[PDB]
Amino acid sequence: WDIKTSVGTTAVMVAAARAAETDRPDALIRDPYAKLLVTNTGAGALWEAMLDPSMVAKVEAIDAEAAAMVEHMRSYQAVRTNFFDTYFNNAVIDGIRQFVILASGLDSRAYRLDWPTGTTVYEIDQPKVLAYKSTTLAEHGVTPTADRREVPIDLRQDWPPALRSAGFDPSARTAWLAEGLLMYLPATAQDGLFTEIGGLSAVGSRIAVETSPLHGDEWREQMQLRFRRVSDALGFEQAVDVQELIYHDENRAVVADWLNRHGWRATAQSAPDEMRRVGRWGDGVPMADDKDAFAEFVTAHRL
């Protein structure tokens, strides 16, 4: 692969999760391109084997608790993807034609969703990662289903100027997306992010965001010990590496509250409520009754 960053590993682990849901007869979501994106890394073999539905029983024989986290991730990623897909579909139906995916990673929406002509989808993320995604797909004969414009820059760097020279039109309504991002930014970087987003946002722009959970790093500690127990058990040569939330005990604005104080109307749907509505929630997970252990999904329109 030769992408060895943390965005790299996480990108692979969540794509692995989507691929595993995808091959199922009643998939909650289907990403035809996850499996390919993972394979061509070389570094996902392990996630593939752990998350494969046909392995449920071998995994369970190892540890019933890790068994439940493996399940929880499969379900979580499916439900997350489902939610944001729905959000992107509603923007479309309500007439929105400009779309920015932040830290786009190996997200493949620009290629798999159905977009009306005249739609533009800007992808912002790291040079290498974007190159990797588009070369791979390009080569397997996969073409965007929208006018996909790469903005190759680090999210913690000066990205507004490069979004604009990619053609972004700050006066069209925009549907912004930030999945798998906030837990990993320091808190001021969060405020800076929404400030920069607000400034580029025309009346009626929407934003969807996964938020960082208060107790999110306790739960990271568990994925680690569990997932390590499982690949040790599975004979996988190479140590699991779950991205740490290093800024976890920095003082963080509550995201809806913050948007509502800055020109948006926002709502939070907590991940557990969302997983419950679609029937994918296990009371048998660890930290089940730590509401604060899980992200919220936050939606807002620009006033």
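All residue numbers are counted from 1 along the displayed sequence.
Between 95-103 and 225-233, it is 225-233 that carries the larger average Cα temperature factor according to the deposited entry. If you average the C-alpha B-factors over 258-266 and over 41-49, the higher value belongs to 41-49.
Taking only the listed residues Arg80, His72, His140, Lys133, the entry reports the highest CA temperature factor at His140. By the numbers in the PDB entry, the CA B factor is greatest at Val129 among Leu182, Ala110, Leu163, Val129. Sorting the modelled residues of the chain by their CA temperature factor places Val12 in the middle third. When the modelled residues of the chain are ordered by C-alpha B-factor, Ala295 sits in the middle third. Among the modelled residues of its chain, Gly192 has a C-alpha B-factor that falls in the middle third according to the deposited record. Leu200 sits in the middle third of its chain by CA B factor, as recorded in the PDB entry. Remark: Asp273 belongs to the middle third of its chain, ranked by C-alpha B-factor as recorded.
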